[PDB]
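The next block holds one structure in the form of structure tokens; read it before the comments.
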Amino acid sequence: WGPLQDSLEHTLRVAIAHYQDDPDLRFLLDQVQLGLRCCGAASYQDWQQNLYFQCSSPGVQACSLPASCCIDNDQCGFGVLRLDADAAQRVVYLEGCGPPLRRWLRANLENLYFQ
Amino acid sequence: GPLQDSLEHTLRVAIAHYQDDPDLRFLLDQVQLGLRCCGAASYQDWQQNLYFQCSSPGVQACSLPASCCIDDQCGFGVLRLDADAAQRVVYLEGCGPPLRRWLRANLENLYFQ
């Protein structure tokens, strides 16, 4: 609940909002969600803030999650935002990437090289 | 809002008194089983229970009661898992939200005598 995790969750929310218009953030966010087995910043419901996945339009992805949120193909997250959490967790990861990304950064601090 | 906050207060009281109050234990088991949920806000609320908390020295440390399970020993050791692993065995979301929805849906048939 400190500033490091708060900062990481800010970045994750920016990536969620810009998932369709910034390929760099899309790739990074997919790598985090796939690799750390998590969805969103605090929770999978953070994806309601992305206009394509938000439950608010007739678009194909409305009320859905991207496939990098799915447990263990491309439509695996379809409609999951409409579900009760007990149903959703059979299909996608519920907890956000904030906590595991904080743990990852702390573990990898000494091998993060910048040049 | 205040309704859900009140329900989560009650759920946390039941968690704390799970072993010493059979009425709260039964009620909490029935809510967790029936609404498919674990805890008040989340399954990690069980860390506030003296027997299931991971810091306890007893055999049940870092475990959950069976009423939290998706499918008793089904909850043994689940509080130590990462959430992605835990959600394979127990419900992650607390009973606050579904109990709030249940009460709102059934309000009109709630009478008392």
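Numbers run from 1 along the shown chain.
For all residues, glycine too, the Cβ spot is worked out from N, Cα and C.
Among the features that Swiss-Prot reports, disulfide bond is placed at A:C38-A:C97 (among others). DSSP assigns A:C97 (disulfide bond) to coil in the three-state reduction, placing it in neither a helix nor a strand. The Cβ neighbour count for A:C97 (disulfide bond), using a 10 Å radius and every protein chain shown, is 29.
Under the heading disulfide bond, Swiss-Prot lists A:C39-A:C69 (among others). Taken residue by residue with DSSP, A:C39 (disulfide bond) is part of neither helix nor strand, so it is coil. Around A:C39 (disulfide bond), taking its Cβ as the centre, 30 other Cβ atoms fall within 10 Å, counting all chains.
Secondary structure at A:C63 (disulfide bond), taken from DSSP and collapsed to helix, strand or coil, is coil. Under the heading disulfide bond, Swiss-Prot lists A:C55-A:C63 (among others).
The annotation disulfide bond is assigned in Swiss-Prot to A:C70-A:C76 (among others) on the grounds of similarity to another entry.
The PDB entry lists A:110-115 with the feature expression tag.
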Roughly how many Å lie between the Cα atoms of A:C76 (disulfide bond) and A:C39 (disulfide bond), rounded to a whole value? 13
Out of A:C55, A:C63, A:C69, which of the disulfide-bonded residues is least crowded by other Cβ atoms within 10 Å? A:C55
Quick check on the disulfide-bonded residues A:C38, A:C70, A:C76: which one has the highest count of other Cβ atoms within 10 Å of its Cβ? A:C38
Could you check the disulfide-bonded residues A:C39, A:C63, A:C69, A:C70, A:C76, A:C97 and tell me which sit with their Cβ under 8 Å of a chain B Cβ? none
